[PDB]
Amino acid sequence: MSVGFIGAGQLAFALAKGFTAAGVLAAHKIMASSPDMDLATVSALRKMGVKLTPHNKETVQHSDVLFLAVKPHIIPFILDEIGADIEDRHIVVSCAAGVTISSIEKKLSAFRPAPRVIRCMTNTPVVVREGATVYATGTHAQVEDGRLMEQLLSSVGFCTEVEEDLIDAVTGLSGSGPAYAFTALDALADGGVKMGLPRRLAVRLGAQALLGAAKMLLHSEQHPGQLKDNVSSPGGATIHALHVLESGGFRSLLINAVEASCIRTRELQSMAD
Amino acid sequence: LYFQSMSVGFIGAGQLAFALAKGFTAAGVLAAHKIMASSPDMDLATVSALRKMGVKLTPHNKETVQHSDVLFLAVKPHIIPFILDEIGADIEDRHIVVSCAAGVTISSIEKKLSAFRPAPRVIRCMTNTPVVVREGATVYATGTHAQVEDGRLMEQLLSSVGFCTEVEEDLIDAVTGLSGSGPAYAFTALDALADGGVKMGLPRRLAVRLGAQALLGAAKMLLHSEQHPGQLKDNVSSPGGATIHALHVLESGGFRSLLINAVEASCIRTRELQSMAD
Amino acid sequence: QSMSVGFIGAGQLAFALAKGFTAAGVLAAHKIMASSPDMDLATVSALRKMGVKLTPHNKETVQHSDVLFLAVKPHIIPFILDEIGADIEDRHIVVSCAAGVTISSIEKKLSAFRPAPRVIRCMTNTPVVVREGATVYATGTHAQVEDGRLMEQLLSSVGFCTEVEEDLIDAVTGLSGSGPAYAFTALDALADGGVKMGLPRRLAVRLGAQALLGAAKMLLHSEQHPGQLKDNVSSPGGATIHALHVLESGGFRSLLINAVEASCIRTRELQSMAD
Amino acid sequence: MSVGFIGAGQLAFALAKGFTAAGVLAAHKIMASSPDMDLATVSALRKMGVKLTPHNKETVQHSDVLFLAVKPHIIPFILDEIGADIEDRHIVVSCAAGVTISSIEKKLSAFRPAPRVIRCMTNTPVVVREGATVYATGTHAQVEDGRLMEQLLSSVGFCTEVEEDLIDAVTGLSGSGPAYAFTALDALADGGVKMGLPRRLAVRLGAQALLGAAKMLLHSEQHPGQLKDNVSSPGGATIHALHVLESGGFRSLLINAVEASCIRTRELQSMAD
Amino acid sequence: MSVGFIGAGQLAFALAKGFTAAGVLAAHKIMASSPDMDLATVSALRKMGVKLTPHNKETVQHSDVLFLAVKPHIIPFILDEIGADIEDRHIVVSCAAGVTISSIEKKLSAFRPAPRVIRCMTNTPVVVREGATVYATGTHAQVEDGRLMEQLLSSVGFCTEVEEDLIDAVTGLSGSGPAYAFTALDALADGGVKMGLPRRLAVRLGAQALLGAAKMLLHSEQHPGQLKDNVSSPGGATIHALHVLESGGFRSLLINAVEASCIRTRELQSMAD
Ligand SMILES: O=C(O)CCc1nccs1
Ligand SMILES: O=C(O)CCc1nccs1
Ligand SMILES: O=C(O)CCc1nccs1
Ligand SMILES: O=C(O)CCc1nccs1
Ligand SMILES: O=C(O)CCc1nccs1
């Protein structure tokens, strides 16, 4: 099976790297296109052995599964350019935030009546095969298309099917989530440096703390509040730190973040539903 | 590497003793029957879980000492001096005493134990609960009389359950504020992120899973990257997009400063927990 | 049984305990004596109507009693101990209810008169008046083995009761001793919220109080974490999660932590005698 | 009399558990339907003796009193599915937040002209028979229908009839109220842990303090401010703690919460009135 | 003339790079010592051609002007180790924050009576020859020693003599100042990205804006408030942005920062004055 990426940015690189590292795809069975071959993401794809072309039509012609890994406002232009090149064999997988299946189908149906469309929301940790991916299947997607998508994206992280109307909320949580974590890790490392740790050790310890806690929750049947309770001895260091987080409304900031990203995603839709 | 078939004891049968015993046995580096733990309270859920693993339990701290080669002190800091007075006369040349208590200095432990035998082998460590899934973060410092192999043995043992490295002892209070308390900051964050997912229409179970996977993957990316966390953050955010809108609202609440406050507060409290004279 | 109980002090807590004990059927009111320097208090008039014996003389209360509750303010305790110390007999169990006042300080004062006073320290709260109190106690140096068991049987008749190490009692004061006032504040505000949204005040008070009672009962009867029970209330996108967000934005959780901390710290400052 | 639940989520389970514990209904006279009852409630309902079915039409056929215990946006789908199966004997009891009687009657009247509809707002503590429930009777409810509703729901807590236009406000107060209490208890327990208490004891004491204070107010003729005044000695621990609550605007946060839940409830209405 | 660095960290690298780029020193006339030759700063010094040694005594023996480029708490250990190796020819230049001339002289005078000591406070932009440096001369510094110091440090930026009691305040302003600017530039770039700019363009524009404004002030006789007034048209974009800075107390945060760094510097003194 052949996979193509229209777009050669961060997400295209991340998925190609994860897929090849998972061994589910050989790099030479992957083609990516970009109007700008000066991006550092483009240089990395070449070293992997991925085929690169400036022409989106070559990617379509090479590919069976076609990832649209461009910005939401770029999607309509891509569909207009390649719509006449879509064949019965194609599964079109849109990764753009906010852009609906119905808007993609409407554009592509002007060329051929039953395009097979899947919408996904994934995130950059697919590059280390620890992504979080959801997908929704379109009107003309065959039942085996969703199954194929799930097999492919499970090789690079968690993957599950969702109703499409949950995907904007997923974007606010796991799509944007890694950036909340990178911010948190930078700040935790600054806190370690303030208290006397070298910066490189502080970054390592903070990231290991967050990785281990996340793994504990994924493997636990217990509520995150119970795991939190297990860390704190009474009167101790951890509960003193949890108080100062609470006094700043830490929980509310993270709710604000998921909400803000989800609401912005709804504003990003570029085409008519 | 180092060949073991050695006995491990825990004075204390609470969360950390359970976490370390579970991690060590899951790593395959220790058999559960080579582990003994003592506790004044055999009603704890950690005590019942240790029994099912096959760990030996006893109310008598002296039995744990007599059973053990490596002796973890996994009790609260203010309990450490009482333990040392109780079992100091039972410490033998073979023993490596590993204190896990926050804030308690090597010198205070050596001073207490040297009243009984002159050159106690003492290691201080700071570890955290994710050793239970073999993804702990551990640092250690070796005491005055630690033998040449004692630090290497400690590092081999604790590396089987996560990251482990030697540090100067005067960094351990700061490590406590960062990776010792750190999992609780993450559990708080994951609860709140899941609440945000629920507010925006996700089922709670899905929201918890996605948020935890997002944090796990981001942490793995940074551990495997040569890039600054700010550069990885820049890579997530498309211009004008959803992520940068969310990052602004985090900044407006002083999110970064809250996490600095937390590391600072835990570290400062740790300095107050020292129970004995250095 | 034969047990005679005395209260030195006839204020809110003496009334609440006497009312709870008599409603529980564990004490007849005529087996209770209370003393107060001020028989104008409404608590004193209520005790009289219950059938409790009242006297201005703390010494009469001591002579009447087997179990002697010191239900006066912390700074009043040393004065009581000096006044009645010579009247303490071997049969007496002295139960101090005052916030912050340590067993050792009471024993030191009383041992000047007789060498092995039987002292218990307790921290209880006003809901003993409806037999839903929260009480902890710690036993002193000379408490007999049966003294703690007797006090737990007595105080369990009016709510939750358990033994604790004495060094936890200041923290308990900040949590369940002061806790009912945090709840009364919360219920007044929740009722104001109901009124703002159009409910009659009497209905709003009833619904808010029933909501808090039912939630607390659920947690007491559940093996689940309070966070899981919270998750069970909130449907995705729904009314409850929108309200929880506005609580979080104001730092609601931190205010309640601040309150427990402030009450506990103040309790440590109230100790009036040398330990 | 037979009772049915369309919906097998948290609220249906709580009502079924409460009713069976009250002894007012035998569990085998209760049927519940859900297309996916994957919560442990299936084992608990079975252990209770509740009949389970995936087909909402079977629940209607079994039932005299029919509780609609699904999400507000699901109500119209349920009414479309079962509307032709409603008989003269049925009392339809909607539990969904925000959904008006008139909207339900309009949907059901496309099938039969005088549906007997009750709207209720209850809460999860019915599971321990300490719920807070209000109800309003619809246009065609017989006078005995309201009496039956009140007898049934009083067996599991407080119950009173209200004008329908109060129910959104009730939702903000006693519907959402238990979650405010669970948050408060988690935080109060954190405060106990900070000051040196073991977590399990702190949770027990905080919950008992809340329970007892609420019972005092329910049995008192006094204002809650007077009961608050009775707790505080002058200069003492309690008044110091109340000051720090006031300094954070504690009262205003709870007012904000009731308002926010009530306003959101008004937005949840899914059908035309 | 020979220059030595005890310490091979960020500041030693920055000064060596600036000095060699200024052409005032050949890299082979510079020696640096460090107990840790695994630092990335150590690797860069080797490529420049700077001599490296693990032994601080070799640096002293090689050098005439000796920079102590170690942490404040490390200073006393260095002085004890090399005190007996100081010769009449040596000028000892301490770069450590907070550590006083008198404390250094007292340590070194146990070995030889009149050590020539200079205290300086410089910053990392010496690496691009745009540093800000102040210095104070010690008790036994010859008048030509201060002149030499000023000639050397002026080749890599601004340099002026100050009374020693101003140096902690200078540390809070220009010593720590570059970090305030790096923070500000990261945030300004995030603001550009929020409004639709690519990140690399936003970083470039923000840094050019700050560079140009700083150059304008250095070349102007006008107050910074007058230059600020010249940017804003009435009712325009800039004055709207200045309002939101003012509403957040922007000015006060920067005063807080200088103050906090200065106060911490006073706490860093490791030796008795
Ligand atoms: O909160 C505390 O005081 C315990 C901190 C830790 N002690 C040992 C590992 S983490
Ligand atoms: O910040 C944005 O708008 C991109 C969000 C994502 N798009 C695709 C995966 S995550
Ligand atoms: O949070 C929501 O939207 C559900 C509110 C309630 N619905 C029924 C009982 S309480
Ligand atoms: O507010 C105070 O200082 C009294 C606290 C309590 N004392 C006894 C029960 S509750
Ligand atoms: O403050 C304004 O509205 C003027 C902004 C600028 N106009 C031209 C260059 S900078």
# chains A, B, ... in the order shown; residues from 1 in each chain; ligands from 1
call {"tool": "residues_near_ligand", "arguments": {"ligand": "ligand 4", "cutoff": "6 Å", "atoms": "only C-alpha atoms and all ligand atoms", "output": "short mmCIF file (atom, residue, chain, number, x, y, z; two decimals) with N, CA, C and O atoms, in the first residue's frame"}}
result
data_model
loop_
_atom_site.label_atom_id
_atom_site.label_comp_id
_atom_site.auth_asym_id
_atom_site.auth_seq_id
_atom_site.Cartn_x
_atom_site.Cartn_y
_atom_site.Cartn_z
N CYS C 97 -12.70 19.84 76.36
CA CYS C 97 -13.19 20.11 75.01
C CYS C 97 -12.59 21.36 74.41
O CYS C 97 -12.93 21.70 73.27
N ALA C 98 -11.75 22.07 75.13
CA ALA C 98 -11.29 23.36 74.68
C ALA C 98 -10.29 23.19 73.54
O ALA C 98 -9.42 22.31 73.57
N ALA C 99 -10.41 24.05 72.53
CA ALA C 99 -9.47 24.03 71.42
C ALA C 99 -8.06 24.35 71.88
O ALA C 99 -7.82 25.29 72.66
N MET C 123 -12.15 16.75 70.58
CA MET C 123 -12.51 17.83 69.67
C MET C 123 -13.80 17.36 69.03
O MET C 123 -13.82 16.30 68.39
N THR C 124 -14.89 18.07 69.30
CA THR C 124 -16.17 17.67 68.73
C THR C 124 -16.78 18.90 68.08
O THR C 124 -16.10 19.92 67.94
N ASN C 125 -18.04 18.84 67.66
CA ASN C 125 -18.59 19.97 66.95
C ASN C 125 -20.10 20.05 67.21
O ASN C 125 -20.70 19.15 67.81
N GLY C 177 -14.01 20.67 63.53
CA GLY C 177 -14.48 21.55 64.59
C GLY C 177 -15.07 22.83 64.02
O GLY C 177 -16.19 23.23 64.37
N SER C 178 -14.31 23.51 63.17
CA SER C 178 -14.78 24.73 62.50
C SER C 178 -15.63 24.42 61.28
O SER C 178 -16.36 25.31 60.82
N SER D 232 -18.63 29.96 66.37
CA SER D 232 -17.42 30.77 66.54
C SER D 232 -17.29 31.36 67.95
O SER D 232 -18.09 32.20 68.35
N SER D 233 -16.25 30.98 68.67
CA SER D 233 -16.01 31.78 69.85
C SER D 233 -15.27 33.08 69.47
O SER D 233 -14.51 33.11 68.50
N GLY D 236 -11.52 33.33 68.12
CA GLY D 236 -11.17 31.92 68.05
C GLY D 236 -10.81 31.40 66.67
O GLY D 236 -10.67 32.14 65.69
N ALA D 237 -10.67 30.08 66.61
CA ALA D 237 -10.19 29.42 65.39
C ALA D 237 -11.17 29.57 64.25
O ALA D 237 -10.77 29.89 63.12
N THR D 238 -12.46 29.37 64.52
CA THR D 238 -13.45 29.38 63.44
C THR D 238 -13.57 30.75 62.79
O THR D 238 -13.62 30.86 61.56
#
call {"tool": "select_by_dssp", "arguments": {"residues": "stretch 8-242 of chain D", "states": "alpha helix (DSSP H)", "output": "number ranges by chain"}}
result
D: 10-22, 41-48, 56-62, 75-82, 101-109, 143-154, 167-170, 177-194, 199-219, 224-231, 237-242
call {"tool": "closest_residue", "arguments": {"among": "C:237, C:127, C:174, C:198", "to": "residue C:261", "atoms": "only C-alpha atoms"}}
result
C:174
call {"tool": "residues_around", "arguments": {"residues": "stretch 128-140 of chain D", "least_positions_apart": "6", "cutoff": "8 Å", "atoms": "only C-alpha atoms", "output": "number ranges by chain"}}
result
C: 207, 210-211, 213-214, 217-218; D: 18, 21-22, 101-102, 114-122, 146, 153, 155-164, 167, 170, 174-175
call {"tool": "write_last_selection", "arguments": {"atoms": "C-alpha atoms", "output": "compact mmCIF listing (two decimals), in the first residue's frame"}}
result
# COMPACT_ATOMS: atom_id res chain seq x y z
CA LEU C 207 -32.71 22.48 48.36
CA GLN C 210 -30.61 18.76 51.09
CA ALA C 211 -28.04 18.79 48.27
CA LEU C 213 -26.60 16.45 53.12
CA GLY C 214 -27.19 13.95 50.32
CA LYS C 217 -24.02 10.88 52.79
CA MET C 218 -23.05 9.51 49.36
CA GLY D 18 -33.10 4.35 45.72
CA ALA D 21 -33.90 0.32 48.83
CA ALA D 22 -37.03 2.27 49.84
CA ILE D 101 -42.82 20.16 29.02
CA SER D 102 -44.30 21.98 26.04
CA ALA D 114 -53.10 14.08 25.32
CA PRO D 115 -49.78 12.67 26.56
CA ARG D 116 -49.37 12.73 30.34
CA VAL D 117 -46.02 14.44 30.92
CA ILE D 118 -44.14 15.34 34.10
CA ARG D 119 -40.84 17.17 34.20
CA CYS D 120 -38.57 16.53 37.15
CA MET D 121 -35.20 17.70 38.35
CA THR D 122 -33.59 15.33 40.84
CA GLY D 146 -48.67 14.54 40.35
CA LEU D 153 -39.92 10.56 44.63
CA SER D 155 -39.37 7.76 49.07
CA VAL D 156 -35.84 8.69 47.93
CA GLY D 157 -35.47 12.22 49.38
CA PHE D 158 -37.07 15.65 49.52
CA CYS D 159 -39.69 16.20 46.83
CA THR D 160 -41.98 19.13 46.04
CA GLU D 161 -44.06 20.45 43.18
CA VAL D 162 -42.91 23.71 41.57
CA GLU D 163 -43.87 25.92 38.68
CA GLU D 164 -41.93 24.76 35.64
CA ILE D 167 -36.70 24.18 37.31
CA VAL D 170 -33.30 24.27 40.78
CA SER D 174 -29.66 21.02 43.87
CA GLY D 175 -29.15 19.34 40.49
call {"tool": "residues_near_ligand", "arguments": {"ligand": "ligand 3", "cutoff": "7 Å", "atoms": "only C-alpha atoms and all ligand atoms", "output": "list in words"}}
result
residues 233, 234, 235, 237, 238, 239, 240 and 241 of chain C; 11, 95, 96, 97, 121, 122, 123, 171, 175, 176 and 265 of chain D
call {"tool": "residues_near_ligand", "arguments": {"ligand": "ligand 1", "cutoff": "9 Å", "atoms": "only C-alpha atoms and all ligand atoms", "output": "number ranges by chain"}}
result
A: 231-241; B: 16, 74-77, 100-103, 125-129, 138, 176-177, 179-182, 266, 269-270, 273
call {"tool": "residues_around", "arguments": {"residues": "stretch 226-228 of chain C", "least_positions_apart": "5", "cutoff": "9 Å", "atoms": "only C-alpha atoms", "output": "number ranges by chain"}}
result
A: 223-226; B: 191; C: 219, 233; D: 179, 182-183, 185-186, 203
call {"tool": "closest_atom_pairs", "arguments": {"of": "chain E", "to": "ligand 2", "cutoff": "12 Å", "atoms": "only C-alpha atoms and all ligand atoms", "output": "JSON lines"}}
result
{"residue": "E:193", "atom": "CA", "partner": "ligand 2", "partner_atom_place_in_ligand_line": "1 (O)", "distance": 10.3}
{"residue": "E:194", "atom": "CA", "partner": "ligand 2", "partner_atom_place_in_ligand_line": "1 (O)", "distance": 9.6}
{"residue": "E:196", "atom": "CA", "partner": "ligand 2", "partner_atom_place_in_ligand_line": "3 (O)", "distance": 10.7}
call {"tool": "write_last_selection", "arguments": {"atoms": "N, CA, C and O atoms", "output": "JSON list (two decimals), in the first residue's frame"}}
result
[["chain", "number", "residue", "atom", "x", "y", "z"],
["E", 193, "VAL", "N", 2.91, 35.11, 16.36],
["E", 193, "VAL", "CA", 2.34, 33.83, 15.89],
["E", 193, "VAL", "C", 0.85, 33.80, 16.15],
["E", 193, "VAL", "O", 0.06, 33.38, 15.28],
["E", 194, "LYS", "N", 0.40, 34.29, 17.32],
["E", 194, "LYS", "CA", -1.05, 34.32, 17.56],
["E", 194, "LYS", "C", -1.79, 35.11, 16.48],
["E", 194, "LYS", "O", -2.91, 34.74, 16.08],
["E", 196, "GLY", "N", -0.93, 35.47, 13.38],
["E", 196, "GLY", "CA", -0.82, 34.86, 12.06],
["E", 196, "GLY", "C", 0.55, 34.85, 11.43],
["E", 196, "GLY", "O", 0.69, 34.38, 10.29]]
call {"tool": "interface_residues", "arguments": {"of": "chain B", "to": "chain C", "cutoff": "7 Å", "atoms": "only C-alpha atoms", "output": "ChimeraX atom specification"}}
result
/B:198-203
call {"tool": "residues_around", "arguments": {"residues": "stretch 246-257 of chain E", "least_positions_apart": "3", "cutoff": "9 Å", "atoms": "only C-alpha atoms", "output": "ChimeraX atom specification"}}
result
/E:172-173,176-177,180,241-243,260-262
call {"tool": "write_last_selection", "arguments": {"atoms": "N, CA and C atoms", "output": "compact mmCIF listing (two decimals), in the first residue's frame"}}
result
# COMPACT_ATOMS: atom_id res chain seq x y z
N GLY E 172 21.61 43.28 38.71
CA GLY E 172 20.17 43.14 38.51
C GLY E 172 19.69 43.76 37.22
N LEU E 173 20.43 44.73 36.68
CA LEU E 173 20.00 45.45 35.48
C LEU E 173 20.66 44.86 34.23
N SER E 176 21.70 40.42 34.56
CA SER E 176 20.51 39.59 34.32
C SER E 176 19.70 40.09 33.13
N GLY E 177 19.89 41.35 32.71
CA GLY E 177 19.05 41.95 31.70
C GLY E 177 18.85 41.17 30.42
N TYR E 180 15.95 38.95 30.61
CA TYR E 180 14.64 39.60 30.52
C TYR E 180 14.28 39.83 29.07
N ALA E 241 -1.94 49.32 22.26
CA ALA E 241 -1.09 48.29 22.86
C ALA E 241 -0.41 48.77 24.14
N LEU E 242 0.01 50.04 24.18
CA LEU E 242 0.65 50.53 25.41
C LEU E 242 -0.33 50.51 26.57
N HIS E 243 -1.62 50.76 26.31
CA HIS E 243 -2.60 50.70 27.39
C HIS E 243 -2.65 49.30 28.01
N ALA E 260 14.75 42.14 42.40
CA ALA E 260 14.92 40.75 42.86
C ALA E 260 16.31 40.23 42.55
N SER E 261 16.82 40.53 41.35
CA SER E 261 18.17 40.06 41.00
C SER E 261 19.23 40.73 41.88
N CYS E 262 19.09 42.04 42.11
CA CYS E 262 20.03 42.77 42.97
C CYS E 262 20.02 42.21 44.39
call {"tool": "residues_around", "arguments": {"residues": "stretch 70-81 of chain C", "least_positions_apart": "2", "cutoff": "7 Å", "atoms": "only C-alpha atoms", "output": "ChimeraX atom specification"}}
result
/C:7-9,13-14,68,83-85,95-99,101,109-110,270-273
